[PDB]
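The structure file target_7.pdb is reproduced below (PDB, N, CA and C atoms).
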MODEL        1
ATOM      1  N   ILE L 183      13.901 -56.800 -11.602
ATOM      2  CA  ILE L 183      13.359 -56.201 -12.818
ATOM      3  C   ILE L 183      13.111 -54.714 -12.616
ATOM      4  N   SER L 184      12.512 -54.340 -11.485
ATOM      5  CA  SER L 184      12.226 -52.930 -11.250
ATOM      6  C   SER L 184      13.510 -52.113 -11.232
ATOM      7  N   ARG L 185      14.558 -52.642 -10.603
ATOM      8  CA  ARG L 185      15.853 -51.969 -10.601
ATOM      9  C   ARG L 185      16.448 -51.881 -11.998
ATOM     10  N   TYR L 186      16.279 -52.926 -12.805
ATOM     11  CA  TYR L 186      16.770 -52.892 -14.180
ATOM     12  C   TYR L 186      16.131 -51.768 -14.983
ATOM     13  N   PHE L 187      14.806 -51.653 -14.943
ATOM     14  CA  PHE L 187      14.164 -50.534 -15.623
ATOM     15  C   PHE L 187      14.609 -49.202 -15.040
ATOM     16  N   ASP L 188      14.839 -49.151 -13.731
ATOM     17  CA  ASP L 188      15.377 -47.940 -13.119
ATOM     18  C   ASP L 188      16.783 -47.621 -13.607
ATOM     19  N   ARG L 189      17.655 -48.622 -13.672
ATOM     20  CA  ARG L 189      19.064 -48.362 -13.929
ATOM     21  C   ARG L 189      19.428 -48.262 -15.404
ATOM     22  N   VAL L 190      18.636 -48.828 -16.314
ATOM     23  CA  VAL L 190      18.979 -48.742 -17.729
ATOM     24  C   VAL L 190      17.780 -48.335 -18.578
ATOM     25  N   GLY L 191      16.590 -48.339 -17.997
ATOM     26  CA  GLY L 191      15.416 -47.871 -18.697
ATOM     27  C   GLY L 191      14.606 -49.011 -19.294
ATOM     28  N   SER L 192      13.313 -48.751 -19.476
ATOM     29  CA  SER L 192      12.417 -49.714 -20.102
ATOM     30  C   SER L 192      12.462 -49.696 -21.624
ATOM     31  N   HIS L 193      13.032 -48.667 -22.244
ATOM     32  CA  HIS L 193      13.050 -48.555 -23.694
ATOM     33  C   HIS L 193      14.445 -48.168 -24.152
ATOM     34  N   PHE L 194      14.628 -48.094 -25.467
ATOM     35  CA  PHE L 194      15.786 -47.425 -26.038
ATOM     36  C   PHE L 194      15.383 -46.652 -27.283
ATOM     37  N   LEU L 195      16.103 -45.563 -27.519
ATOM     38  CA  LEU L 195      15.783 -44.631 -28.590
ATOM     39  C   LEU L 195      16.045 -45.242 -29.961
ATOM     40  N   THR L 196      15.033 -45.203 -30.830
ATOM     41  CA  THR L 196      15.152 -45.744 -32.175
ATOM     42  C   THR L 196      14.773 -44.740 -33.253
ATOM     43  N   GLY L 197      14.292 -43.559 -32.884
ATOM     44  CA  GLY L 197      13.907 -42.556 -33.856
ATOM     45  C   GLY L 197      13.998 -41.170 -33.256
ATOM     46  N   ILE L 198      15.065 -40.446 -33.570
ATOM     47  CA  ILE L 198      15.366 -39.178 -32.921
ATOM     48  C   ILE L 198      15.645 -38.120 -33.977
ATOM     49  N   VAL L 199      15.385 -36.869 -33.619
ATOM     50  CA  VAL L 199      15.622 -35.718 -34.480
ATOM     51  C   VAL L 199      16.706 -34.865 -33.846
ATOM     52  N   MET L 200      17.512 -34.210 -34.672
ATOM     53  CA  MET L 200      18.708 -33.531 -34.203
ATOM     54  C   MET L 200      18.585 -32.051 -34.524
ATOM     55  N   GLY L 201      18.759 -31.229 -33.500
ATOM     56  CA  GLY L 201      18.108 -29.939 -33.458
ATOM     57  C   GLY L 201      18.832 -28.840 -32.719
ATOM     58  N   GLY L 202      18.339 -27.625 -32.901
ATOM     59  CA  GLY L 202      18.485 -26.587 -31.903
ATOM     60  C   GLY L 202      17.116 -26.072 -31.521
ATOM     61  N   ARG L 203      16.983 -25.715 -30.252
ATOM     62  CA  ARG L 203      15.789 -25.064 -29.744
ATOM     63  C   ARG L 203      16.214 -23.836 -28.961
ATOM     64  N   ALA L 204      15.462 -22.756 -29.110
ATOM     65  CA  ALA L 204      15.609 -21.594 -28.251
ATOM     66  C   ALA L 204      14.237 -21.107 -27.824
ATOM     67  N   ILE L 205      14.123 -20.717 -26.564
ATOM     68  CA  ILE L 205      12.891 -20.177 -26.012
ATOM     69  C   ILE L 205      13.229 -18.886 -25.290
ATOM     70  N   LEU L 206      12.341 -17.910 -25.381
ATOM     71  CA  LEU L 206      12.404 -16.732 -24.536
ATOM     72  C   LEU L 206      11.018 -16.448 -23.988
ATOM     73  N   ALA L 207      10.952 -16.105 -22.711
ATOM     74  CA  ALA L 207       9.763 -15.527 -22.114
ATOM     75  C   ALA L 207      10.168 -14.288 -21.341
ATOM     76  N   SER L 208       9.384 -13.230 -21.474
ATOM     77  CA  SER L 208       9.707 -11.961 -20.848
ATOM     78  C   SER L 208       8.425 -11.285 -20.400
ATOM     79  N   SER L 209       8.499 -10.598 -19.268
ATOM     80  CA  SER L 209       7.365  -9.907 -18.686
ATOM     81  C   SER L 209       7.858  -8.590 -18.116
ATOM     82  N   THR L 210       7.029  -7.560 -18.194
ATOM     83  CA  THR L 210       7.275  -6.343 -17.440
ATOM     84  C   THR L 210       5.966  -5.806 -16.893
ATOM     85  N   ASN L 211       6.018  -5.290 -15.675
ATOM     86  CA  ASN L 211       4.932  -4.517 -15.099
ATOM     87  C   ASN L 211       5.488  -3.197 -14.603
ATOM     88  N   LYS L 212       4.741  -2.130 -14.819
ATOM     89  CA  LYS L 212       5.032  -0.856 -14.189
ATOM     90  C   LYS L 212       3.751  -0.332 -13.571
ATOM     91  N   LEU L 213       3.882   0.304 -12.416
ATOM     92  CA  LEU L 213       2.786   1.016 -11.786
ATOM     93  C   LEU L 213       3.339   2.291 -11.177
ATOM     94  N   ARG L 214       2.681   3.411 -11.418
ATOM     95  CA  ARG L 214       2.934   4.603 -10.625
ATOM     96  C   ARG L 214       1.630   5.240 -10.195
ATOM     97  N   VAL L 215       1.632   5.775  -8.984
ATOM     98  CA  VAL L 215       0.454   6.355  -8.367
ATOM     99  C   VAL L 215       0.882   7.697  -7.806
ATOM    100  N   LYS L 216       0.061   8.715  -8.007
ATOM    101  CA  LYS L 216       0.251   9.991  -7.338
ATOM    102  C   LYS L 216      -1.084  10.500  -6.836
ATOM    103  N   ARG L 217      -1.122  10.940  -5.584
ATOM    104  CA  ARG L 217      -2.298  11.625  -5.079
ATOM    105  C   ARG L 217      -1.863  12.679  -4.077
ATOM    106  N   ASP L 218      -2.428  13.874  -4.194
ATOM    107  CA  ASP L 218      -2.088  14.976  -3.310
ATOM    108  C   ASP L 218      -3.329  15.826  -3.108
ATOM    109  N   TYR L 219      -3.480  16.371  -1.909
ATOM    110  CA  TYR L 219      -4.560  17.294  -1.613
ATOM    111  C   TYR L 219      -4.027  18.493  -0.851
ATOM    112  N   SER L 220      -4.640  19.641  -1.111
ATOM    113  CA  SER L 220      -4.264  20.916  -0.524
ATOM    114  C   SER L 220      -5.496  21.580   0.064
ATOM    115  N   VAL L 221      -5.324  22.204   1.224
ATOM    116  CA  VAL L 221      -6.378  22.961   1.883
ATOM    117  C   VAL L 221      -5.825  24.326   2.252
ATOM    118  N   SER L 222      -6.617  25.362   2.010
ATOM    119  CA  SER L 222      -6.305  26.713   2.444
ATOM    120  C   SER L 222      -7.534  27.336   3.087
ATOM    121  N   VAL L 223      -7.326  28.006   4.215
ATOM    122  CA  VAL L 223      -8.400  28.625   4.979
ATOM    123  C   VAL L 223      -7.950  30.014   5.399
ATOM    124  N   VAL L 224      -8.838  30.992   5.247
ATOM    125  CA  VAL L 224      -8.603  32.352   5.711
ATOM    126  C   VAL L 224      -9.836  32.812   6.476
ATOM    127  N   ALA L 225      -9.619  33.418   7.638
ATOM    128  CA  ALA L 225     -10.683  34.050   8.405
ATOM    129  C   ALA L 225     -10.220  35.422   8.864
ATOM    130  N   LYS L 226     -11.051  36.434   8.637
ATOM    131  CA  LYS L 226     -10.699  37.813   8.933
ATOM    132  C   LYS L 226     -11.867  38.490   9.634
ATOM    133  N   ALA L 227     -11.560  39.303  10.645
ATOM    134  CA  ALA L 227     -12.568  40.093  11.334
ATOM    135  C   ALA L 227     -12.057  41.510  11.541
ATOM    136  N   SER L 228     -12.950  42.483  11.380
ATOM    137  CA  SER L 228     -12.682  43.877  11.715
ATOM    138  C   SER L 228     -13.852  44.427  12.514
ATOM    139  N   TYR L 229     -13.552  45.147  13.595
ATOM    140  CA  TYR L 229     -14.566  45.539  14.563
ATOM    141  C   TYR L 229     -14.241  46.922  15.104
ATOM    142  N   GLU L 230     -15.284  47.708  15.372
ATOM    143  CA  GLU L 230     -15.136  49.118  15.701
ATOM    144  C   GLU L 230     -16.173  49.511  16.743
ATOM    145  N   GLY L 231     -15.805  50.470  17.591
ATOM    146  CA  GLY L 231     -16.747  51.092  18.502
ATOM    147  C   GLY L 231     -16.722  52.608  18.425
ATOM    148  N   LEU L 232     -17.343  53.276  19.401
ATOM    149  CA  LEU L 232     -17.351  54.737  19.423
ATOM    150  C   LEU L 232     -15.940  55.273  19.229
TER
ATOM    151  N   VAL R  82      32.869 -45.912 -20.130
ATOM    152  CA  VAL R  82      32.178 -44.653 -19.875
ATOM    153  C   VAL R  82      31.375 -44.239 -21.100
ATOM    154  N   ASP R  83      30.084 -43.991 -20.894
ATOM    155  CA  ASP R  83      29.168 -43.502 -21.920
ATOM    156  C   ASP R  83      29.031 -41.991 -21.763
ATOM    157  N   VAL R  84      29.505 -41.234 -22.748
ATOM    158  CA  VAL R  84      29.378 -39.782 -22.755
ATOM    159  C   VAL R  84      28.335 -39.371 -23.783
ATOM    160  N   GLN R  85      27.405 -38.516 -23.362
ATOM    161  CA  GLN R  85      26.352 -37.982 -24.212
ATOM    162  C   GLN R  85      26.544 -36.483 -24.384
ATOM    163  N   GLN R  86      26.405 -36.016 -25.619
ATOM    164  CA  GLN R  86      26.323 -34.585 -25.869
ATOM    165  C   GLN R  86      25.117 -34.000 -25.149
ATOM    166  N   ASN R  87      25.291 -32.794 -24.599
ATOM    167  CA  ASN R  87      24.236 -32.171 -23.808
ATOM    168  C   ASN R  87      24.297 -30.650 -23.891
ATOM    169  N   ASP R  88      24.812 -30.116 -24.995
ATOM    170  CA  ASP R  88      25.062 -28.688 -25.145
ATOM    171  C   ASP R  88      23.792 -27.875 -24.934
ATOM    172  N   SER R  89      23.768 -27.066 -23.879
ATOM    173  CA  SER R  89      22.545 -26.416 -23.431
ATOM    174  C   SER R  89      22.907 -25.191 -22.609
ATOM    175  N   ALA R  90      21.972 -24.248 -22.556
ATOM    176  CA  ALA R  90      22.130 -23.043 -21.760
ATOM    177  C   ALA R  90      20.761 -22.600 -21.272
ATOM    178  N   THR R  91      20.722 -22.044 -20.067
ATOM    179  CA  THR R  91      19.508 -21.421 -19.564
ATOM    180  C   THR R  91      19.868 -20.143 -18.829
ATOM    181  N   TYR R  92      18.995 -19.156 -18.944
ATOM    182  CA  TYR R  92      19.211 -17.828 -18.400
ATOM    183  C   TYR R  92      17.955 -17.415 -17.656
ATOM    184  N   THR R  93      18.129 -16.684 -16.567
ATOM    185  CA  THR R  93      17.000 -16.141 -15.831
ATOM    186  C   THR R  93      17.392 -14.791 -15.270
ATOM    187  N   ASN R  94      16.481 -13.833 -15.355
ATOM    188  CA  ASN R  94      16.732 -12.516 -14.800
ATOM    189  C   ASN R  94      15.449 -11.988 -14.187
ATOM    190  N   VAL R  95      15.526 -11.600 -12.924
ATOM    191  CA  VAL R  95      14.416 -11.013 -12.191
ATOM    192  C   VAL R  95      14.929  -9.745 -11.538
ATOM    193  N   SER R  96      14.213  -8.647 -11.709
ATOM    194  CA  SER R  96      14.586  -7.426 -11.018
ATOM    195  C   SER R  96      13.346  -6.651 -10.619
ATOM    196  N   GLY R  97      13.426  -6.011  -9.470
ATOM    197  CA  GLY R  97      12.347  -5.166  -8.989
ATOM    198  C   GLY R  97      12.890  -3.815  -8.595
ATOM    199  N   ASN R  98      12.113  -2.784  -8.874
ATOM    200  CA  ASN R  98      12.464  -1.422  -8.515
ATOM    201  C   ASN R  98      11.262  -0.793  -7.836
ATOM    202  N   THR R  99      11.515   0.034  -6.829
ATOM    203  CA  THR R  99      10.435   0.679  -6.103
ATOM    204  C   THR R  99      10.876   2.057  -5.654
ATOM    205  N   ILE R 100       9.975   3.020  -5.772
ATOM    206  CA  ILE R 100      10.125   4.323  -5.150
ATOM    207  C   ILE R 100       8.850   4.624  -4.384
ATOM    208  N   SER R 101       9.004   5.174  -3.192
ATOM    209  CA  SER R 101       7.889   5.684  -2.416
ATOM    210  C   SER R 101       8.258   7.075  -1.941
ATOM    211  N   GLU R 102       7.313   7.996  -2.030
ATOM    212  CA  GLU R 102       7.555   9.357  -1.596
ATOM    213  C   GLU R 102       6.330   9.877  -0.870
ATOM    214  N   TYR R 103       6.575  10.570   0.229
ATOM    215  CA  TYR R 103       5.546  11.194   1.035
ATOM    216  C   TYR R 103       5.991  12.609   1.341
ATOM    217  N   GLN R 104       5.056  13.544   1.304
ATOM    218  CA  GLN R 104       5.381  14.934   1.568
ATOM    219  C   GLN R 104       4.239  15.574   2.334
ATOM    220  N   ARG R 105       4.593  16.476   3.238
ATOM    221  CA  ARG R 105       3.638  17.183   4.071
ATOM    222  C   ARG R 105       4.071  18.634   4.175
ATOM    223  N   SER R 106       3.104  19.542   4.195
ATOM    224  CA  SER R 106       3.371  20.936   4.508
ATOM    225  C   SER R 106       2.236  21.494   5.349
ATOM    226  N   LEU R 107       2.586  22.346   6.308
ATOM    227  CA  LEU R 107       1.608  23.042   7.129
ATOM    228  C   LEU R 107       2.069  24.476   7.320
ATOM    229  N   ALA R 108       1.153  25.422   7.141
ATOM    230  CA  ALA R 108       1.407  26.832   7.399
ATOM    231  C   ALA R 108       0.297  27.398   8.270
ATOM    232  N   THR R 109       0.659  28.328   9.148
ATOM    233  CA  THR R 109      -0.295  29.006  10.011
ATOM    234  C   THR R 109       0.113  30.464  10.133
ATOM    235  N   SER R 110      -0.872  31.355  10.185
ATOM    236  CA  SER R 110      -0.609  32.756  10.478
ATOM    237  C   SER R 110      -1.752  33.338  11.291
ATOM    238  N   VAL R 111      -1.407  34.217  12.225
ATOM    239  CA  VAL R 111      -2.373  34.950  13.034
ATOM    240  C   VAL R 111      -1.911  36.396  13.106
ATOM    241  N   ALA R 112      -2.845  37.328  12.944
ATOM    242  CA  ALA R 112      -2.572  38.740  13.182
ATOM    243  C   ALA R 112      -3.686  39.351  14.015
ATOM    244  N   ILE R 113      -3.303  40.134  15.019
ATOM    245  CA  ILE R 113      -4.227  40.725  15.975
ATOM    246  C   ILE R 113      -3.902  42.207  16.067
ATOM    247  N   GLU R 114      -4.929  43.036  16.214
ATOM    248  CA  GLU R 114      -4.732  44.438  16.548
ATOM    249  C   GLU R 114      -5.670  44.867  17.667
ATOM    250  N   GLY R 115      -5.169  45.763  18.497
ATOM    251  CA  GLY R 115      -5.965  46.372  19.549
ATOM    252  C   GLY R 115      -5.831  47.875  19.474
ATOM    253  N   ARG R 116      -6.918  48.575  19.792
ATOM    254  CA  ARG R 116      -6.923  50.024  19.676
ATOM    255  C   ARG R 116      -7.652  50.676  20.838
ATOM    256  N   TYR R 117      -7.053  51.756  21.324
ATOM    257  CA  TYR R 117      -7.622  52.638  22.327
ATOM    258  C   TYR R 117      -7.072  54.024  22.026
ATOM    259  N   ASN R 118      -7.871  55.054  22.304
ATOM    260  CA  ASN R 118      -7.501  56.398  21.870
ATOM    261  C   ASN R 118      -6.082  56.793  22.279
ATOM    262  N   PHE R 119      -5.574  56.274  23.398
ATOM    263  CA  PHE R 119      -4.186  56.495  23.799
ATOM    264  C   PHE R 119      -3.344  55.222  23.810
ATOM    265  N   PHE R 120      -3.795  54.149  23.166
ATOM    266  CA  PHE R 120      -3.008  52.927  23.102
ATOM    267  C   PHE R 120      -3.207  52.245  21.760
ATOM    268  N   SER R 121      -2.137  51.636  21.256
ATOM    269  CA  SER R 121      -2.202  50.753  20.103
ATOM    270  C   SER R 121      -1.449  49.468  20.408
ATOM    271  N   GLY R 122      -2.042  48.347  20.041
ATOM    272  CA  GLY R 122      -1.408  47.051  20.227
ATOM    273  C   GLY R 122      -1.427  46.248  18.947
ATOM    274  N   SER R 123      -0.334  45.532  18.700
ATOM    275  CA  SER R 123      -0.250  44.609  17.579
ATOM    276  C   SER R 123       0.407  43.319  18.039
ATOM    277  N   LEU R 124      -0.097  42.195  17.542
ATOM    278  CA  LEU R 124       0.548  40.906  17.732
ATOM    279  C   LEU R 124       0.507  40.144  16.418
ATOM    280  N   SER R 125       1.594  39.442  16.114
ATOM    281  CA  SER R 125       1.647  38.523  14.988
ATOM    282  C   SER R 125       2.205  37.190  15.460
ATOM    283  N   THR R 126       1.684  36.106  14.898
ATOM    284  CA  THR R 126       2.260  34.785  15.099
ATOM    285  C   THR R 126       2.266  34.033  13.779
ATOM    286  N   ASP R 127       3.377  33.360  13.503
ATOM    287  CA  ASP R 127       3.560  32.628  12.260
ATOM    288  C   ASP R 127       4.201  31.293  12.595
ATOM    289  N   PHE R 128       3.685  30.224  11.999
ATOM    290  CA  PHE R 128       4.209  28.887  12.221
ATOM    291  C   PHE R 128       4.258  28.142  10.900
ATOM    292  N   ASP R 129       5.337  27.399  10.690
ATOM    293  CA  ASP R 129       5.535  26.625   9.474
ATOM    294  C   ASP R 129       6.108  25.272   9.853
ATOM    295  N   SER R 130       5.556  24.208   9.279
ATOM    296  CA  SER R 130       6.076  22.867   9.485
ATOM    297  C   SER R 130       6.140  22.129   8.161
ATOM    298  N   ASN R 131       7.252  21.446   7.939
ATOM    299  CA  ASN R 131       7.506  20.700   6.718
ATOM    300  C   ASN R 131       7.979  19.307   7.100
TER
ENDMDL
END
How does this structure look as structure tokens?
Amino acid sequence: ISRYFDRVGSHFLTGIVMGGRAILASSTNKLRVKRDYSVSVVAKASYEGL
Amino acid sequence: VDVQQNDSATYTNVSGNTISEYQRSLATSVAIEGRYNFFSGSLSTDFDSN
């Protein structure tokens, strides 16, 4: 019996609808990152004697 | 032979894009002067790295 239900099914279709179906799923991700740092240093000396 | 209609289509599209950018700059400068009533001295040094 178990094989019979496996091989031909426990039921048969008696009420069906005839159709077209279409599905779409779509996703997008974007990421952009920017980071920058700048350093500037100046040191000056002037010195005098006699 | 039992033939069943099964007209169907499925589509899948996956794409990934990536950019990575790194940048570095370094600058250095040195200027020196020396003075004596009968002598003058100058030195310069410059360094650049990219």
Write down, as a ChimeraX atom specification, each residue of chain L that has any atom within 12 Å of an atom of chain R, counting only C-alpha atoms. /L:200-232
Could you put an axis-aligned box around every listed atom of stretch 124-130 of chain R, padded by 3 Å on each side, and send me its centre and edge lengths in Å to one decimal, as lines of an AutoDock Vina configuration file?
center_x = 3.0
center_y = 32.2
center_z = 12.9
size_x = 12.2
size_y = 26.1
size_z = 15.6
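A straight line drawn from atom C of residue L:198 to atom C of residue R:87 is 15.2 Å long.
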Pick out each residue of chain R that DSSP on the backbone tags as strand (DSSP E); I need them as a ChimeraX atom specification. /R:107-117,120-130
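Between atom CA of residue L:184 and atom N of residue R:84 lies a distance of 23.8 Å.
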Separation of atom CA of residue R:82 and atom CA of residue L:196, in Å? 21.0 Å
Can you patch up stretch 194-206 of chain L, filling it in to N, CA, C and O atoms, and show the result as a CSV table (one decimal), keeping the file's coordinate frame?
chain,number,residue,atom,x,y,z
L,194,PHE,N,14.6,-48.1,-25.5
L,194,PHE,CA,15.8,-47.4,-26.0
L,194,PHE,C,15.4,-46.7,-27.3
L,194,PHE,O,14.5,-47.0,-28.0
L,195,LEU,N,16.1,-45.6,-27.5
L,195,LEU,CA,15.8,-44.6,-28.6
L,195,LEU,C,16.0,-45.2,-30.0
L,195,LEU,O,17.1,-45.7,-30.2
L,196,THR,N,15.0,-45.2,-30.8
L,196,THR,CA,15.2,-45.7,-32.2
L,196,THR,C,14.8,-44.7,-33.3
L,196,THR,O,14.9,-45.0,-34.4
L,197,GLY,N,14.3,-43.6,-32.9
L,197,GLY,CA,13.9,-42.6,-33.9
L,197,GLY,C,14.0,-41.2,-33.3
L,197,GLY,O,13.1,-40.8,-32.5
L,198,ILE,N,15.1,-40.4,-33.6
L,198,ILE,CA,15.4,-39.2,-32.9
L,198,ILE,C,15.6,-38.1,-34.0
L,198,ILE,O,16.1,-38.4,-35.1
L,199,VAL,N,15.4,-36.9,-33.6
L,199,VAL,CA,15.6,-35.7,-34.5
L,199,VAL,C,16.7,-34.9,-33.8
L,199,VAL,O,16.8,-34.8,-32.6
L,200,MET,N,17.5,-34.2,-34.7
L,200,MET,CA,18.7,-33.5,-34.2
L,200,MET,C,18.6,-32.1,-34.5
L,200,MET,O,18.3,-31.7,-35.7
L,201,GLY,N,18.8,-31.2,-33.5
L,201,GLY,CA,18.1,-29.9,-33.5
L,201,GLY,C,18.8,-28.8,-32.7
L,201,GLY,O,19.8,-29.1,-32.0
L,202,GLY,N,18.3,-27.6,-32.9
L,202,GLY,CA,18.5,-26.6,-31.9
L,202,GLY,C,17.1,-26.1,-31.5
L,202,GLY,O,16.2,-26.0,-32.3
L,203,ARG,N,17.0,-25.7,-30.3
L,203,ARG,CA,15.8,-25.1,-29.7
L,203,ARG,C,16.2,-23.8,-29.0
L,203,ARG,O,17.2,-23.9,-28.2
L,204,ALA,N,15.5,-22.8,-29.1
L,204,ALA,CA,15.6,-21.6,-28.3
L,204,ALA,C,14.2,-21.1,-27.8
L,204,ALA,O,13.3,-21.1,-28.6
L,205,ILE,N,14.1,-20.7,-26.6
L,205,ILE,CA,12.9,-20.2,-26.0
L,205,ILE,C,13.2,-18.9,-25.3
L,205,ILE,O,14.3,-18.8,-24.7
L,206,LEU,N,12.3,-17.9,-25.4
L,206,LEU,CA,12.4,-16.7,-24.5
L,206,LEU,C,11.0,-16.4,-24.0
L,206,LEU,O,10.0,-16.6,-24.7
